[PDB]
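Colleague:
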Amino acid sequence: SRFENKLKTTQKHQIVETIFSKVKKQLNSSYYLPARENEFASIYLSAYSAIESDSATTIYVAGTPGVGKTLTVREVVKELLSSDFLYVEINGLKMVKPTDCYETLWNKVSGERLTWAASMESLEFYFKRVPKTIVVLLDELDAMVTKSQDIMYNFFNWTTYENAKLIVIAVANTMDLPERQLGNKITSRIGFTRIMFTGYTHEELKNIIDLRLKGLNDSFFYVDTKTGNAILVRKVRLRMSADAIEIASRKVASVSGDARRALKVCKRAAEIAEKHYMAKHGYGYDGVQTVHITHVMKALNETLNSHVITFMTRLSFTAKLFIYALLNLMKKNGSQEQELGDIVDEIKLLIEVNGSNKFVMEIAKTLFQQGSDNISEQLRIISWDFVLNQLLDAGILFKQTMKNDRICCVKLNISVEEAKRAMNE
Amino acid sequence: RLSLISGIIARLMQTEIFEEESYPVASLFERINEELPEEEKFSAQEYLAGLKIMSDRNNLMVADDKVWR
Amino acid sequence: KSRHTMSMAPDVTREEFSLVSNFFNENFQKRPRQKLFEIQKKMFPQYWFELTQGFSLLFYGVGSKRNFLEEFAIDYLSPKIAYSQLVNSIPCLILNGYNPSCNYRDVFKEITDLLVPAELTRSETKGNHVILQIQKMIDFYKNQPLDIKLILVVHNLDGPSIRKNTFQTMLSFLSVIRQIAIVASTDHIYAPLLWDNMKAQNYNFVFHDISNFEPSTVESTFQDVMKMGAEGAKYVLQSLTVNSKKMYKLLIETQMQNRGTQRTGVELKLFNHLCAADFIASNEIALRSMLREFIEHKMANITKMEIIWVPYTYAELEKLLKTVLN
Amino acid sequence: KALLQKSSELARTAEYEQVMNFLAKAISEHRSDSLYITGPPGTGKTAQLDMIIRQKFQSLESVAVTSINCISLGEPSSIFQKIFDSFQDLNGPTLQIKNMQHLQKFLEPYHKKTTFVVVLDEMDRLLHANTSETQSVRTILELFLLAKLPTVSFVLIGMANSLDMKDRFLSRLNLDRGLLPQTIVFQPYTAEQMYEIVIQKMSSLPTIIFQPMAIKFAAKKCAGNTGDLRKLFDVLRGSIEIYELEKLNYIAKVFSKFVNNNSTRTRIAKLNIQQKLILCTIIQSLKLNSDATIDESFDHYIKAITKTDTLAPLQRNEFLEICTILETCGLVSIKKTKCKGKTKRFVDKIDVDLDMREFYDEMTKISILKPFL
Amino acid sequence: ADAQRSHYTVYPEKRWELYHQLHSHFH
Ligand SMILES: Nc1ncnc2c1ncn2[C@@H]1O[C@H](COP(=O)(O)OP(=O)(O)OP(O)(O)=S)[C@@H](O)[C@H]1O
Ligand SMILES: Nc1ncnc2c1ncn2[C@@H]1O[C@H](COP(=O)(O)OP(=O)(O)OP(O)(O)=S)[C@@H](O)[C@H]1O
C-alpha cells in the first residue's frame, strides 16, 4: 500500500535474461483450472444460491495441502466482483494468538480496533440485529481449534442466525476434523456437505504443467552469442522433453499428489541444466537447446537421497570409534539404551583387546595425550565431551539430561543398522 | 417364518448385488423363488404385504416400482 | 477372593433416598433431642459471662452443631450483649467452613469493613500485606475501651479450606484482640493437631461438649459417595434415537449370554454381522459412529478376538434389560 | 427454473403447545412453572426456545423480557449486566452483578410492575467450564435459588447438551427446589414431527420438488443418527443443485467416500508390490507393540530382507518416501508422540487401520510375501 | 436456605460486681 512506493529503486543494470530465466518467470507459482474443474462449480453453485438470496450457510472442504483449495476459493470470489460482499482471508496460522482473528472481523466491518472480548460482543450484536453479505475464509483450521473449542463454537453459531449476513467457508486439513477434535454439537452445525478433494492424477499433472508452459514450450528466443541474453548472434529454440515431464508426474501423483511439489521439482530440474549450460560457455551474471531426461532423474532423487551415511564416514576417528563401541553394547546387552559410563568403560577396554599393533599404539598414545609425555594419564579420552557434544547437535545421538555424567542414558536416534552399515567403511 | 426369509436378504445385502440401497423388482424375485426356502413364498399380494411389514419396521423401502430405493 | 461388594446391593434412586432420609432426621429421636436442647439451655448465661473475658470459645462433640450455634449466636447472645452494654444489635459474621470456597483475602476484606475504617487502611493495602494490615489493627486496639463490637462464628473449623495453614494463623491474630468474641465449632477427631502452643497462646481456647447426634443436613450436601457409570449412563439412554436402544439390546443380550467382565463380551466382526442380521447395522462405519456415542459417554469398554464388553455388573445389566430397554 | 428452487432453501411446532402450559402463569402475570429445558444436540432446541420467546415478544401489558447467550463469560457477572440493557439506564454496575445478595437489590422495577423472567442461553458453556464443585456448580446453585418473597422472580430457562447435569445437583437442590423438577426433554424427531414442519415450510410450492415419498424415504433412512432435518434438507439442497449441475442420491455419493480401502482399494494404494511388502513389514514390527519408529520398522525391514532376498535392501530415505505413499491415501497415520529424555522429543509412532483378517485375503494371492508372512 | 453461601453476615448481680473490682485490679 504505502511503502511499495519506497520499495522501488532506480539503477537496474541490464540483467541477463538467459534461456532458462524466462522459464522460471512462468514457473513461478502465481501465473479456469483443469483438474478441479467441476468441483469449482460445486463450490460456486453452493455459493451462488446463498449470495443472491441473502442467507447464511456453511461450506466445508478438506484435503492434503497442495490441491488448490487455497487457490480455488480465490477463483470463486474473483469472478463474483463482477456481479455486495466483503472478502477477508482469516488465516489460522497467520494469527499470533487464536483470539486475534476476532479483532480483524470488527476491524473489517467499520474500521475499529478493540479487544477480542469487545469485538465479539459487537459481532454478536451485529449478527442478530441488522436488517437486510459477508464472505469469510477460515483457512488452516488446525490452528484455531487447539485450546478449548470455545472459539470454534462461535464461528458456526453465527451461521445459525437467520438475520446473519455472513457466508463462511471452512478449509481444513482433514475431513476427520469435526469428528476427532470437535464436539458433536459443533458437528451438527458443520453440516454434511463435506466436499472432498482428492489428490491430483498424473495425467492432469501433465495438464497443469503446460498451462505454465503455454506460450513458451518449443518456442524461439533471440540470442546474442556474447552475453547469453535471450529475447522472446543466433535465433535459438528451446524444447522441453515431455516424457521427462511425464516421469515427474508419475512420481508426485504417486506419493503426494501435491501441486507445489510437481512444479518445484520441475523448477529444481530446470536450474540443473542452467548451470551446466553456464559451465560449458560461461556467460556469467551481468544448435537447439533442450532439457534432458537425465535432469529430472537427478532432481527427483535429490528430494530423496541423504548424507548421514556420507557424514559418518567423513567424521572424526573418535566419532567412528564412539559409534562402534555403542553398537557393541547394544549387541552385548540387547537393551538399545546404554549408560554413559559403560561406554567410557568400553573404549578403555576396546584398546587392549586389540593387540600391540603400533597403529593402535600410535592411536593409544594420541588417544589419551596429545603427545607430550609430560602431561598424561587421562581418565576419559581426549575431547570426549567434544565428540559427544558433536554427536548430540548433529541429531545422530540423543542424551537425556542428568547432572551425573555416568548414569545418564543415551538413546540412538537414527536406525542402528545403517549405523552398523556405515561403520563398515 | 418372516425372520428367516429376511435374514437371507441381510447377507444378500452384505454383498453388492443390489449395488446400493436401491434394488429392482426382478432382484426380489431372483432372491425368493431362486433361493433356498421352497413353498414358503406367499401370495402375490401377501409377501408383497409382507415386505410392507418390513417397511413398517423401517428397514427397507419401496419406491419407483421398477426399482425400490 | 469372594467379597460382597457395594455393586451387589439393592440400590436406591435419588428421590427415594432423600425423602425417607428426611423422614428419619425429623422423626427418629425427636422427643429426646429437644429434651437435650432444654437441658443445655441453662448453660447459656455461663457462656455470656466468660465471653466478656475475650475467651475463644470452641465447641467439640459428636453430631452436627450447626443448628445449635445459630440459635446460640443469633437469637440468644447478640441482643443480650447489646442490652447489657447500655440502636442496631451486634453484627454476626458467620463463616461456613464446610463451604470449601472460603479464601483468606475475601473474608478479611469483609472484616476490615466490618471493623472500623477509622484511618486510610487502603494505604497500607499493597505483596501479602494481610498480616501487615492486621498488625496495625492490633496495637491500636490495645488502647481502646474494652467492649465487644463483633461476634464471629466459624462452623466446622476443620473444614476443607479453613484448615489450610495460612488461613489458620490468620484467625490466630484475630483472637488476641479483646473487642471480638470467637465462637467456633469443629467436628474432626484430630482437631487439636491444628494448634501448637504458639497459636493457643493467641487463642486461649476453652472447650465444651455438645452431642445431639444431629444428621448434618447441609454438611452432607457437598460430600459425595458412589450414590452421587451404571447410574450415569442410566439417563442418557432415556434420550437418544430408537435404534440405539435396539443395538444396545442386541449388545446386552450376548454380552450377558455368558459380574459383567471382559470374558462375556463379543467380537466386532460378528456383532457387525449380528446387527446386520436384524437390518440395523449397514456396515462398520455406521455401526461404529453410533457406537462412539456409547464410547463418548463411557457406556461400554473394549479390550483384547476383538472384545467389546459392558463394564457393569451381572445384576446391573438385567436391571438395564427389564427397566429401560424394555 | 431457478426462482422456484431459489426459494426452496428457506403455532408452527408441536412442542410450543407444551411450553404454554409450562408458561401457564406468563399471561396471568404470575410465576410460571419450573423450567429447566434440556436436549440431545442438533434437535432444534436452541432455536426451539428462541421460537417461543420471539412468538412471546411479538404477541405480548408492559413488555420487557430479555435473553442473553452464555458463551464468552466463564463468570457470573455480566448476565445481570445484560438484563439492564433493556432499561437503557445508568448505574453502578460492578458490585450489583457480582455477589448473590447483590442481585436481590436489582429486582425492584420502575415503571409499571411487570414481572421479569430471564432466559439463560447455552448454559452448558458454564456447566462444562472450570472445575465443578468449586465455581461452576456453585454458579449453577446460586442462579437456581428463587426464594424471593414478591412474585417478581428471575425465572431461569437454561439449556444443556448432555444429560448428566441433574445428578450433578446437590441433594438439597433435588428436594423440589427452584427450576429443577420439570426436566422437559426433547426426543429426536424421527420423521413424525419434523418432516411435517418441512411440509408447512413448503408453503410456496414448486411443481417438481420431487416425489415426496422419496423425501419420506430420505427421512426414514436418515433418522438412524440425526437431529436436524432442515440441515438434512440442506443435504437435499445440495443434491437439488446436482440436478442443476447436471442441468438419498447424495448420501449414496457420500458414504463411498468414507468406506474406501480395507475391503477393495487396499491394492489401489499399493500398486507397487514392494508397497505390499513394506505394508506387511509394519505389521511384523507391531509384535513389539511399542513406539513404532520409522527406524525400528527399518530394523525389521533389513533383517528380514537379508534372510529372504526378495529385493535388495533400500534406503532409509526411500523408506521415508514409501511410507508417505501409504499415508496420503488414509491407511496409516503418523503422529509425533512423546519421549521425555532431554526435552519433549518427538519420535514418530504409526498406527494402522487394517486387520489381519483383511490382510490375509490380499496376501495369499501373492506368494512372494508368503516367505515373509 | 442460605447456608451453602459462605460467610453471609446478618444484623439481628450483687455477686458479680465484687468480681469486677477484683478482676481488672489483678489484670
Ligand atoms: N489446478 C491448478 N491450476 C493451476 N495452478 C494450480 C492448480 N492447483 C494448484 N496450483 C498452483 O499451486 C499452488 C498450490 O497451492 P494450493 O494447492 O492452492 O494450496 P493448498 O492446496 O491449500 O495447500 P495449503 O494451502 O498448504 S492447505 C497454487 O497456489 C497455484 O499457484
Ligand atoms: N421442529 C423444528 N421446528 C422449527 N425449526 C426447527 C425444528 N427442528 C430444527 N429446526 C431448525 O433447524 C436447526 C437445527 O437445530 P440446531 O440449532 O442445529 O440444534 P440446536 O438448536 O442447537 O439444539 P442443540 O444442538 O441441543 S443446542 C434449528 O436451530 C432450527 O433453525
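Residue numbers (the deposited numbering), protein chains in the order written: chain A, 404 to 434, 448 to 499, 507 to 555, 560 to 659, 677 to 730, 769 to 907; chain 3, 892 to 960; chain B, 258 to 343, 355 to 394, 397 to 498, 506 to 535, 547 to 592, 597 to 618; chain 9, 59 to 68, 80 to 129, 163 to 349, 387 to 512; chain C, 16 to 27, 55 to 69. Beta carbons are placed, not taken as given, at the ideal position from N, Cα and C, and that holds for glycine.
#1: Sorted by chain position, which residues of the same chain lie with C-beta nearer than 6 Å to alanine 95 (chain 9)'s C-beta, five sequence neighbours on each side aside?
#2: Is it true that the CB of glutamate 508 (chain B) sits closer than 9 Å to the CB of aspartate 268 (chain B)?
#3: Which residues in chain 9 sit within 9 Å of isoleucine 896 (chain A), going by Cβ to Cβ distance?
#4: Closer than 6 Å from C-beta to any heavy atom of ligand 2: which residues, in chain order?
#5: Using a C-beta to C-beta distance shorter than 8 Å, which residues of chain C count as neighbours of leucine 382 (chain B)?
#6: Please list, in chain order, the chain 3 residues whose beta carbon lies closer than 7 Å to that of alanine 565 (chain B).
#7: Does ligand 1 have even one heavy atom less than 8 Å from the beta-carbon of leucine 487 (chain A)?
#8: What do you get for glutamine 303 (chain B), buried or exposed, if any count of 16 or more other CB atoms within 10 angstroms of its CB means buried?
#9: Report the neighbours of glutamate 508 (chain B) on chain 9: residues whose CB is nearer than 8 Å to its CB, in chain order.
#10: Measuring from the CB of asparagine 644 (chain A), is there a heavy atom of ligand 1 at a distance below 8 Å?
#11: Put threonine 436 (chain B) into one of helix, strand or coil per three-state DSSP.
#12: Strictly below 8 Å CB to CB, what residues from chain 9 border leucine 861 (chain A)?
#13: Quick one: does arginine 496 (chain 9) have its CB under 9 Å from some CB of chain B?
#14: Can you tell me whether DSSP reads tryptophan 601 (chain B) as helix, strand or coil?
#15: Mind checking whether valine 165 (chain 9) and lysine 215 (chain 9) have CB atoms under 9 Å apart?
#16: For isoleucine 529 (chain B), decide whether its Cβ has a neighbour in chain 3, counting only Cβ atoms nearer than 9 Å.
#17: Which class does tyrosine 914 (chain 3) belong to by DSSP, given the choice of helix, strand or coil?
#18: Mind checking the region 219–250 of chain 9 against chain B and listing, in chain order, the residues whose C-beta falls within less than 9 Å of any C-beta there?
#19: Is the Cβ of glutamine 313 (chain 9) closer than 9 Å to any Cβ of chain 3?
#20: Confirm the yes/no value for this check: CB of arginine 452 (chain A), any heavy atom of ligand 1, distance under 8 Å.
#21: Of all the residues that make up the region 290–304 of chain 9, which are near chain B by a beta-carbon distance shorter than 9 Å?
#22: Kindly indicate which three-state DSSP category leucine 314 (chain B) falls into: helix, strand or coil?
#23: Check distances from the C-beta atoms of the region 102–116 of chain 9 to those of chain A and list, in chain order, the residues that come in under 8 Å.
#24: Step through the CB atoms of chain B and report whether any lies within less than 9 Å of the CB of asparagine 193 (chain 9).
#25: Could you work out which residues of chain 3 lie near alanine 321 (chain 9), taking near to mean beta carbons separated by less than 9 Å?
#26: Does DSSP put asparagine 284 (chain B) in a helix, a strand or coil?
#27: What is the DSSP secondary structure of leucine 682 (chain A), counted as helix, strand or coil?
#28: Suppose the cutoff is 8 Å on Cβ atoms and the five residues either side in sequence are ignored; what does the same chain contact list for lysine 932 (chain 3) look like?
#29: Using a Cβ-based criterion (distance less than 8 Å to any ligand heavy atom), does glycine 515 (chain A) qualify as near ligand 1?
#30: In angstroms, rounded to a whole number, what distance separates the CA positions of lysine 411 (chain A) and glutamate 899 (chain A)?
#31: Report the residue ranges of all alpha helix (DSSP H) runs contained in full by the region 617–654 of chain A; include only those spanning at least 4 residues, in chain order.
#32: Report the start-end ranges of each beta strand (DSSP E) in the region 804–841 of chain A that is 3 residues or longer and not cut off at the edges.
#33: Beta carbon of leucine 247 (chain 9), beta carbon of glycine 194 (chain 9): below 9 Å?
#34: What does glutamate 378 (chain B) reach in chain C if we use C-beta pairs closer than 8 Å?
#35: With a floor of 3 residues, list each beta strand (DSSP E) that falls wholly inside the region 576–604 of chain A, ordered by position along the chain.
#36: Can you check whether the C-beta of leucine 387 (chain 9) is within less than 9 Å of a C-beta belonging to chain 3?
Modeller: Taking the coordinates as given:
#1: Counting only Cβ-Cβ distances below 6 Å, and skipping sequence neighbours, we find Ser101.
#2: Remark: C-beta atoms of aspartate 268 (chain B) and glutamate 508 (chain B) approach each other more closely than 9 Å.
#3: In chain order: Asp434, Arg455.
#4: My final list is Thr587 (chain A), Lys612 (chain A), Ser615 (chain A), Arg616 (chain A), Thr82 (chain 9), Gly108 (chain 9), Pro110 (chain 9), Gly111 (chain 9), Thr112 (chain 9), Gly113 (chain 9), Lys114 (chain 9), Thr115 (chain 9), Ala116 (chain 9), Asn263 (chain 9), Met296 (chain 9), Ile299 (chain 9), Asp330 (chain 9), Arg332 (chain 9), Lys333 (chain 9).
#5: Chain C residues near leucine 382 (chain B): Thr24.
#6: Around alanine 565 (chain B), the beta-carbon contacts reaching into chain 3 at under 7 Å are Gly898, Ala901.
#7: Checking the Cβ of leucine 487 (chain A) against ligand 1 gives yes.
#8: By the neighbour-count definition (other C-beta atoms within 10 Å, threshold 16), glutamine 303 (chain B) is an exposed residue.
#9: Near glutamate 508 (chain B) (Cβ distances below 8 Å), the residues of chain 9 are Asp269.
#10: Outside the cutoff, so no.
#11: The answer is helix: DSSP assigns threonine 436 (chain B) an H, G or I state.
#12: Per Cβ cutoff of 8 Å: no residues; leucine 861 (chain A) is ~25 Å from chain 9 at best.
#13: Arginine 496 (chain 9) has a beta carbon lying within less than 9 Å of a beta carbon in chain B.
#14: For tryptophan 601 (chain B), the three-state secondary structure derived from DSSP is strand.
#15: No. Outside cutoff.
#16: Contact with chain 3 is absent for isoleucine 529 (chain B), since none of that chain's Cβ atoms lies less than 9 Å from the residue's Cβ.
#17: In the structure shown, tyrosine 914 (chain 3) sits in a strand (DSSP, three-state: E or B).
#18: Cβ contacts with chain B come from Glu235, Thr236, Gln237, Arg240.
#19: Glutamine 313 (chain 9) counts as touching chain 3.
#20: Flag set: Cβ of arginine 452 (chain A) near ligand 1.
#21: Those residues of the region 290–304 of chain 9 placed with their C-beta closer than 9 Å to a C-beta in chain B are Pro290, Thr292, ordered along the chain.
#22: DSSP places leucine 314 (chain B) in the strand class (E or B) of the three-state scheme.
#23: If the cut-off is 8 Å between Cβ atoms, the region 102–116 of chain 9 has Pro110, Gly111, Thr115, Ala116 near chain A.
#24: False, the Cβ-Cβ gap to chain B never drops below 9 Å.
#25: Neighbours of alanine 321 (chain 9) on chain 3: none; closest Cβ ~10 Å, over 9 Å.
#26: In the structure shown, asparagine 284 (chain B) sits in coil (DSSP, three-state: anything other than H, G, I, E or B).
#27: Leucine 682 (chain A) carries a strand assignment under DSSP once its states are collapsed to helix, strand and coil.
#28: Closer than 8 Å at Cβ, skipping near neighbours: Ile923, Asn924, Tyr938.
#29: Taken from the Cβ of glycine 515 (chain A), every heavy atom of ligand 1 lies 8 Å or farther away.
#30: C-alpha separation (whole angstroms): 55 Å.
#31: Whole alpha helix (DSSP H) segments, 4+ residues: 629–639.
#32: Complete beta strand (DSSP E) runs here, min 3: 819–821.
#33: No; because the gap between Cβ atoms is not below 9 Å, this pair is not in contact.
#34: Taking the beta carbon of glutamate 378 (chain B) as reference, the chain C residues within 8 Å of it are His22, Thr24, listed in sequence order.
#35: Listed in chain order, they are 594–598.
#36: For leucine 387 (chain 9), the closest Cβ of chain 3 is nearer than 9 Å.
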